[PDB]
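Working notes for the structure below.
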Amino acid sequence: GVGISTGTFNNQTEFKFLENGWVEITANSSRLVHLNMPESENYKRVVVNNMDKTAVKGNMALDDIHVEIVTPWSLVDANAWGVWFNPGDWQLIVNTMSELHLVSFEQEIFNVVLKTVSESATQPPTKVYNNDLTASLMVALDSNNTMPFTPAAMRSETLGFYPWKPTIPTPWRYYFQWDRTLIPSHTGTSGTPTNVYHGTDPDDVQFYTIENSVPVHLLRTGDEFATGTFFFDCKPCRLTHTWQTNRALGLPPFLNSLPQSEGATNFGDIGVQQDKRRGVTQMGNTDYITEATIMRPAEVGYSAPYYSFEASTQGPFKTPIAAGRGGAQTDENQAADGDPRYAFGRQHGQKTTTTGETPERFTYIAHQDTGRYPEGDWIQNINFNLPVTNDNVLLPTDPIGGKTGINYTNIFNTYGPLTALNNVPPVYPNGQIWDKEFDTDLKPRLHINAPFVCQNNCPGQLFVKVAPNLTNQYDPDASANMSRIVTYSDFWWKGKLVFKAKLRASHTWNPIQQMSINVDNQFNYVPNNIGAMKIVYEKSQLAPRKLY
Amino acid sequence: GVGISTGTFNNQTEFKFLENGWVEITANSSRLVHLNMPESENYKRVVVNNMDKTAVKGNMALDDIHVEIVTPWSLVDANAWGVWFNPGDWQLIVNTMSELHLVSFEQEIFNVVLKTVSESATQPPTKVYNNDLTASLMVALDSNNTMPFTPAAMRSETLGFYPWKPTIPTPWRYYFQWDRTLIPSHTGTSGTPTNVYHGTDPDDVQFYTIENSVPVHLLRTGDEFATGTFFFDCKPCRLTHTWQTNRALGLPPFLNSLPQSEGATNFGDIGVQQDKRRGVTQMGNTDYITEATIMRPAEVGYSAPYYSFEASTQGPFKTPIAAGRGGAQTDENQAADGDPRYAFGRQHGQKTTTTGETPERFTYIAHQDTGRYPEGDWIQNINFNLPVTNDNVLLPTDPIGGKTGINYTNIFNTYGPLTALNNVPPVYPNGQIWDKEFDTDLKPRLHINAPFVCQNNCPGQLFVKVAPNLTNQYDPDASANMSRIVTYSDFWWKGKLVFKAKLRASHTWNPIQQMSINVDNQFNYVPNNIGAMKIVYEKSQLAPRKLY
Amino acid sequence: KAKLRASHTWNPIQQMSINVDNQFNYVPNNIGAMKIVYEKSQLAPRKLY
Ligand SMILES: [Ca+2]
Ligand SMILES: [Ca+2]
Ligand SMILES: [Ca+2]
Ligand SMILES: [Ca+2]
Numbered sequence: 037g038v039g040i041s042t043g044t045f046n047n048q049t050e051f052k053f054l055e056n057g058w059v060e061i062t063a064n065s066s067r068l069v070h071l072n073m074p075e076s077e078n079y080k081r082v083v084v085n086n087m088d089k090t091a092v093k094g095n096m097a098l099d100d101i102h103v104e105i106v107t108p109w110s111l112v113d114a115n116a117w118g119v120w121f122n123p124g125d126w127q128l129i130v131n132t133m134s135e136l137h138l139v140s141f142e143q144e145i146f147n148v149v150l151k152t153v154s155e156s157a158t159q160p161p162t163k164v165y166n167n168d169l170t171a172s173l174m175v176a177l178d179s180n181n182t183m184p185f186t187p188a189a190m191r192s193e194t195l196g197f198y199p200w201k202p203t204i205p206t207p208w209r210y211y212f213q214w215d216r217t218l219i220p221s222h223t224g225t226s227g228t229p230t231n232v233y234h235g236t237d238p239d240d241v242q243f244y245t246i247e248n249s250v251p252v253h254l255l256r257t258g259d260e261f262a263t264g265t266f267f268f269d270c271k272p273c274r275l276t277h278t279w280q281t282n283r284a285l286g287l288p289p290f291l292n293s294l295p296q297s298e299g300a301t302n303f304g305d306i307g308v309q310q311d312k313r314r315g316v317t318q319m320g321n322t323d324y325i326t327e328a329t330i331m332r333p334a335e336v337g338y339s340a341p342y343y344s345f346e347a348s349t350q351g352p353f354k355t356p357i358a359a360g361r362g363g364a365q366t367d368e369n370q371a372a373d374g375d376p377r378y379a380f381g382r383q384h385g386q387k388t389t390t391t392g393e394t395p396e397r398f399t400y401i402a403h404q405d406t407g408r409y410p411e412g413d414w415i416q417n418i419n420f421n422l423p424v425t426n427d428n429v430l431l432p433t434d435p436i437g438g439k440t441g442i443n444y445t446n447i448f449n450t451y452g453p454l455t456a457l458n459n460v461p462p463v464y465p466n467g468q469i470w471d472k473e474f475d476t477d478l479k480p481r482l483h484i485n486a487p488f489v490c491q492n493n494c495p496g497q498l499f500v501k502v503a504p505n506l507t508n509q510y511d512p513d514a515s516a517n518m519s520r521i522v523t524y525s526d527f528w529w530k531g532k533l534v535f536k537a538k539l540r541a542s543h544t545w546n547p548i549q550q551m552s553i554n555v556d557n558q559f560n561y562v563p564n565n566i567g568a569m570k571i572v573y574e575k576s577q578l579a580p581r582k583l584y
Numbered sequence: 037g038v039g040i041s042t043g044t045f046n047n048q049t050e051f052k053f054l055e056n057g058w059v060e061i062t063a064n065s066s067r068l069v070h071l072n073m074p075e076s077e078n079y080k081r082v083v084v085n086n087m088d089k090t091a092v093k094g095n096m097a098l099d100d101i102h103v104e105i106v107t108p109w110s111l112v113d114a115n116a117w118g119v120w121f122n123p124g125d126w127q128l129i130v131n132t133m134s135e136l137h138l139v140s141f142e143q144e145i146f147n148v149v150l151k152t153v154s155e156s157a158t159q160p161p162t163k164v165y166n167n168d169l170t171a172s173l174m175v176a177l178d179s180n181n182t183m184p185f186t187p188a189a190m191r192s193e194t195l196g197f198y199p200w201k202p203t204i205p206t207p208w209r210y211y212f213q214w215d216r217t218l219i220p221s222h223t224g225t226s227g228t229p230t231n232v233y234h235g236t237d238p239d240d241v242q243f244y245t246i247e248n249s250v251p252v253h254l255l256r257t258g259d260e261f262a263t264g265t266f267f268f269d270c271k272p273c274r275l276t277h278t279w280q281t282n283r284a285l286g287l288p289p290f291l292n293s294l295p296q297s298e299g300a301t302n303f304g305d306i307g308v309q310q311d312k313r314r315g316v317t318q319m320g321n322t323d324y325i326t327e328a329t330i331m332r333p334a335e336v337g338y339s340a341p342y343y344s345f346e347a348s349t350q351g352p353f354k355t356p357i358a359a360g361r362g363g364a365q366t367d368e369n370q371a372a373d374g375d376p377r378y379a380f381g382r383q384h385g386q387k388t389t390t391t392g393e394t395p396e397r398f399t400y401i402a403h404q405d406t407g408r409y410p411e412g413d414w415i416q417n418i419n420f421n422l423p424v425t426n427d428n429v430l431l432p433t434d435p436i437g438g439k440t441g442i443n444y445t446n447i448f449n450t451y452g453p454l455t456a457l458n459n460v461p462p463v464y465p466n467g468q469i470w471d472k473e474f475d476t477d478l479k480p481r482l483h484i485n486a487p488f489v490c491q492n493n494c495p496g497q498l499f500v501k502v503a504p505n506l507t508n509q510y511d512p513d514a515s516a517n518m519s520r521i522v523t524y525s526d527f528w529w530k531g532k533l534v535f536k537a538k539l540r541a542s543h544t545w546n547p548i549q550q551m552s553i554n555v556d557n558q559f560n561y562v563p564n565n566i567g568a569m570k571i572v573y574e575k576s577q578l579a580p581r582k583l584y
Numbered sequence: 536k537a538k539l540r541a542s543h544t545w546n547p548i549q550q551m552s553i554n555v556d557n558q559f560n561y562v563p564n565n566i567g568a569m570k571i572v573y574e575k576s577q578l579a580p581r582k583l584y
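So the protein sequences, as listed, match chains A, A' and A''. A prime marks a further copy of an entry chain.
In terms of the entry's author numbering, the first sequence is residues 37 to 584.
In terms of the entry's author numbering, the second sequence is residues 37 to 584.
In terms of the entry's author numbering, the third sequence is residues 536 to 584.
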């Protein structure tokens, strides 16, 4: 069955409006995937050790040592917003929907092709491509999620974002266990710290093979493969942001004195002595009821140690932070509430005609005011007693450990039973969409990498690979490296991701932040005279929501 | 499925006679289309600016600046009379039918072929064509008319007019928005006018993609594609012409004195003093009832400014005129009532064995006397009072604006609530058949380009394209230009256009103008000793019709 | 009775939107003054032919 197609290209996003303001978004994405023969046919256990870098005192954070199993299989990952929606669709969703529901996912492989390269070793010399009709492409869909979960978006290795531009999958590899020690130090530290990779703990070894745990399918041109329809189990993702802070929760103080003339100088006045006011407070000493002192239900947001690194059996790792805005606009603390920074290129944004190999990037800065501005933090001695005396105040300025560039905010952590928090907002187009939950007894309240964490079950991973096209000479009983015909494959991938949205309703007199084409962004949405493209990142939760 | 054909060639025109003089014309047209790989795979936004020409004062009309989106898709356009009928059929329709009804349209693509060119780089060197059996031809039929409407007949780019001669489609491209200024001037104008292309208005940008708005079909040799049957909604087109003018409407004056002997000198005489006659007039002053002064119901035809150019956001454009004859035969005013001029060649008429690249052409001159002869126009002062004195007459001779070559007829416009007019007559074989209506709130009473304007709905456009035949080396992450195997395609197109005609009836004693072979046209209808062909244009509405 | 639009181009499209420039044309001031700035309606291309 060579002369018949086995599939259809479809990259349309359908918006189906239902009853009561609910829409059913059907994002169709098709892509032509190009796939090469594995450079090797065996699994390799490789160690990566860049001690040359960590050898330099004060370079701990640049540690890359790990051990990974290198498989002869490739992963077809489509878990990233850019694969399903273009700037247009996205603007539609973000400007009018109030919440998003991830419903189901299904993919299929069709119109498979396998060619053989022949070196017409004459003159230049030449190269001749031919069809190997009876050759097969191997396909394995790990439904049971036996294999380790490895999101390609984490390393900008998902399918590309352009319907009219071929793409490729990524060689699949996964972490193996290993013990590693690396002691912190600074430029002036003495002696040689302790930078040792101890190896692997036998009680943590887990060598996985696809061949042994997932049925594999062989497809020839005539064949096709389709996944079933997987249904997610995730909480809805909101498309609105909160702006309220503790300072803006509840009943404002009653102004006894109101401005009588226009002018951004004419303020209103509470009109009551800060120690002669009524209200509630959690400060049993003073009688000062102040906007920064009065009681509030709980606490929106929280403080966590910044540029903290922790260490365990495998080595050091940065301490993650779940947090939004908190601070002026061109007045951040990227570190404090962890604004994510995305590095990618060409195939996932970055102008296409770009040269060199320096990735493009951006630091996403959410609209939700749930972050913190450390410099504003301070601490006072129980006696209160203002103006506070230097001996009774710890400030983001006073040093810690005699260190000049470290202070309590750095060590600080105000997470507790009163912490109100929100989930990570979606990041177009470089963000991951869904993520598999940790199989720990107690799970995390959220994941920092994706807004959708399928709990009870997630779509399995799809592995692809060109099956061994051997030559007439092959001897198992001789390490050699099995000479095999240079074969490559081309197939089309088609996926269908279904969402369920809820149309928003206005509730204020005033208009609202809406995504829109300007005379400034204009050319970020259209190709140029050479056909170069790029996909600029966009914000998602533009639109306020009352928090309390 | 490679060894089996998927279609049939049919280029027969069937005439099926019904009851009560109605015939059902079924025009079948088949053609072998040749199609090449796109020179580029991306959409390009290109600007065209020939300021070098408009720089020369007095060359405004030669302005070509515009912006267009260049797509990697080709359009298969068959909307032009020459594609469906040969001189014979046409003579039949034009000589015996009185009116034409455009009923339905359907097309289909079959017996698809895709070959690969290989340069046997030896000696001359050689070239080798091979079949790429598993390759696909992409097909997209824009049913919803999402895409911008682009009639290829407008630029002589429809399918060719010979059943036994292969043809090709045209690269599809469409207008993009842009602001442009160009101020009129004459040879002796001083300073440098104002010739500026300002660019595009963001509020008018509309980048269209086929991939994003029309499902695409992949066909391999075994496959085939067929459109459904589309049904038009258009007014009938008449195949007769009117000759009556205001001067010949109604009851002629009664001749009291009739000629008594033969001779084109012996005239009849009304026999009553022009100021002593009875009748109606719209001239409340005089008592002169004259053949050029007596009342008439309304007005056949109208006067409009000639070689008028108007300007708006995009630049200048000639003011269109809807009008027929009006004037002697070798006594026109091509400009005044806008006789169309058609430029084309080889594939759509023009002797086939022709060399060089100067198009062939003709100015169509309709039989309907609905035009005007300006030189005959004049204007008189309210007092009437003849013979009229130079100071009370504006003539097509007196100058306007002190200009010697401009007069009121040039500025003139007599369109009003009494204007009687006819539609554009069909032009064989270079004319467009149907046209999509403007989506403006108020529409035009007619289109100057085709006699059939499908209002509520029109057949969608058919886009074709060779799908990317990549080589073993392809890297998305590198602008390059994706090296791809030189692939081309050959497929057969078959369309069916159904009309409904009405047989005419004689009502006069005298015979009537009929199309016919002469000793002069004879060789315009047959090939020569070399096999050269050409298709000479013909008139359609030869046959009078009483207007009133 | 309205009809929802459908995208048919690769490129985005002119959309009405709040800027750092129009911002205060949509909210009252410290005195309670209001104003309603005119807006355009047919922002969005349509193929004519
Ligand atoms: Ca921040
Ligand atoms: Ca804010
Ligand atoms: Ca004329
Ligand atoms: Ca005539």
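C-beta atoms are modelled at their ideal positions from N, C-alpha and C, and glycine is treated no differently.
Between which two residues does the beta strand (DSSP E) carrying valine 130 of chain A extend?
Here residue 130 of chain A refers to the residue found at position 94 when the first sequence is read from its first residue. Looking at the DSSP string, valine 130 of chain A is not in any beta strand (DSSP E); the run it does join, the alpha helix (DSSP H), is 123-132.
How do the stretch 540-551 of chain A'' and the stretch 242-255 of chain A' stand: do at least 3 beta-carbon pairs fall below 8 angstroms, yes or no?
In short, these stretches touch, since the Cβ pair count reaches three.
Which full runs of the beta strand (DSSP E) of 3+ residues lie inside the stretch 464-491 of chain A, going along the chain?
Whole beta strand (DSSP E) segments, 3+ residues: 470-472 and 488-490.
Verify the contact flag: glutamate 104 of chain A', CB atom, against every heavy atom of ligand 3, threshold strictly below 7 angstroms.
Within the second sequence, the letter at position 68 stands for residue 104 of chain A'. Not so, every heavy atom of ligand 3 lies at least 7 angstroms from the Cβ.
Over the uninterrupted beta strand (DSSP E) stretch that includes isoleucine 61 of chain A, give me the two end residues.
In the first sequence, counting from the first residue as 1, residue 61 of chain A sits at position 25. Run containing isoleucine 61 of chain A: 58-72, per the beta strand (DSSP E) assignment.
Hey, is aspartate 375 of chain A close to ligand 2, as in C-beta under 7 angstroms from one of its heavy atoms?
Reading the first sequence from its first residue, position 339 is the one you call residue 375 of chain A. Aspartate 375 of chain A: no, Cβ never under 7 angstroms from ligand 2.
Look up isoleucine 548 of chain A'' in the DSSP assignment and give the residues it is bridged to.
As a first step, residue 548 of chain A'' is located in the third sequence; it is residue number 13 there, counting from the start. BP columns for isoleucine 548 of chain A'' point to A'/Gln242.
By how many angstroms is the C-alpha of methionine 551 of chain A'' removed from the C-alpha of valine 502 of chain A'?
On the second sequence, residue 502 of chain A' is found 466 positions in, with the first residue counted as 1. On the third sequence, residue 551 of chain A'' is found 16 positions in, with the first residue counted as 1. Each residue's Cα considered, the two are about 39 angstroms apart.
Just checking, does the stretch 452-459 of chain A make contact with the stretch 336-348 of chain A on the three C-beta pairs under 8 angstroms criterion?
With a cut-off of 8 angstroms, the stretch 336-348 of chain A and the stretch 452-459 of chain A count as touching, because enough Cβ pairs lie within range.
Check this for me: beta carbons of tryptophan 470 of chain A' and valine 500 of chain A', under 8 angstroms apart or not?
Sequence index remark: in the second sequence, residue 470 of chain A' carries index 434 (1-based). Sequence index remark: in the second sequence, residue 500 of chain A' carries index 464 (1-based). No, these two residues do not count as a Cβ contact at 8 angstroms.
The alpha helix (DSSP H) that contains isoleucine 447 of chain A, what's its start and end?
By 1-based counting over the first sequence, the position of residue 447 of chain A is 411. 444-447 is the extent of the alpha helix (DSSP H) around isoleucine 447 of chain A.
At a CB-CB cut-off below 8 angstroms, which residues of chain A' make contact with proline 272 of chain A?
Taking the first residue of the first sequence as position 1, residue 272 of chain A is located at position 236. Here the premise fails: no neighbours, minimum Cβ distance about 28 angstroms.
Assuming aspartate 88 of chain A' is part of the beta strand (DSSP E), what are its boundary residues?
Within the second sequence, the letter at position 52 stands for residue 88 of chain A'. Run containing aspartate 88 of chain A': none in the beta strand (DSSP E); it sits in the alpha helix (DSSP H), 87-90.
Does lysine 472 of chain A' have its Cβ less than 8 angstroms from a Cβ in chain A''?
The sequence position of residue 472 of chain A' within the second sequence is 436, counting from 1. Yes, contact with chain A''.
Less than 8 angstroms between the C-beta atoms of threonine 182 of chain A' and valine 250 of chain A', yes or no?
The residue you call residue 182 of chain A' lines up with position 146 of the second sequence. The residue you call residue 250 of chain A' lines up with position 214 of the second sequence. Contact flag set, yes.
So which residues on chain A' does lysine 582 of chain A'' lean against when the C-beta distance must stay under 7 angstroms?
For the purposes of this step, residue 582 of chain A'' is taken as the residue at position 47 of the third sequence. Neighbours of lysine 582 of chain A'' on chain A', chain order: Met183, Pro184 and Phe185.
DSSP three-state call for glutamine 48 of chain A: helix, strand or coil?
Indexing the first sequence from 1 puts residue 48 of chain A at position 12. In the structure shown, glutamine 48 of chain A sits in coil (DSSP, three-state: anything other than H, G, I, E or B).
I'd like to know whether the C-beta atoms of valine 139 of chain A and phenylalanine 290 of chain A end up nearer to each other than 8 angstroms.
Your numbering for residue 139 of chain A matches position 103 in the first sequence. Your numbering for residue 290 of chain A matches position 254 in the first sequence. The answer is no: Cβ separation not under 8 angstroms.
Does the beta carbon of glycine 124 of chain A come closer than 8 angstroms to any beta carbon on chain A''?
Taking the first residue of the first sequence as position 1, residue 124 of chain A is located at position 88. True, the Cβ-Cβ gap to chain A'' drops below 8 angstroms.
For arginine 274 of chain A', does the three-state DSSP call read helix, strand or coil?
Counted from its first residue, the second sequence places residue 274 of chain A' at position 238. In the structure shown, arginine 274 of chain A' sits in a strand (DSSP, three-state: E or B).
In chain order, what residues place their C-beta within less than 7 angstroms of a heavy atom belonging to ligand 2?
Those residues, listed in chain order, are A/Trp279, A/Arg361, A/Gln365, A/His403 and A/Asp405.
In three-state terms, what does DSSP make of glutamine 416 of chain A'?
In the second sequence, counting from the first residue as 1, residue 416 of chain A' sits at position 380. Looking at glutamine 416 of chain A' - three-state DSSP - the assignment turns out to be strand.
Does the Cβ of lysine 439 of chain A' have 16 or more other Cβ atoms within 10 Å, making it buried, or fewer, making it exposed?
Here residue 439 of chain A' corresponds to residue number 403 of the second sequence, with the count starting at 1. It is exposed - the Cβ of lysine 439 of chain A' has fewer than 16 other Cβ atoms within 10 Å.
Please confirm whether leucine 506 of chain A' has its beta-carbon closer than 8 angstroms to some beta-carbon of chain A.
Position 470 of the second sequence holds residue 506 of chain A'. Interface residue, yes.
In the DSSP assignment, what are the bridge partners of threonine 455 of chain A?
For the purposes of this step, residue 455 of chain A is taken as the residue at position 419 of the first sequence. DSSP output for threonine 455 of chain A lists A/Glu335 as bridge partner(s).
Over the uninterrupted beta strand (DSSP E) stretch that includes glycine 235 of chain A', give me the two end residues.
Working through the second sequence from its first residue, we reach residue 235 of chain A' at position 199. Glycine 235 of chain A' -> beta strand (DSSP E) spans 231-235.
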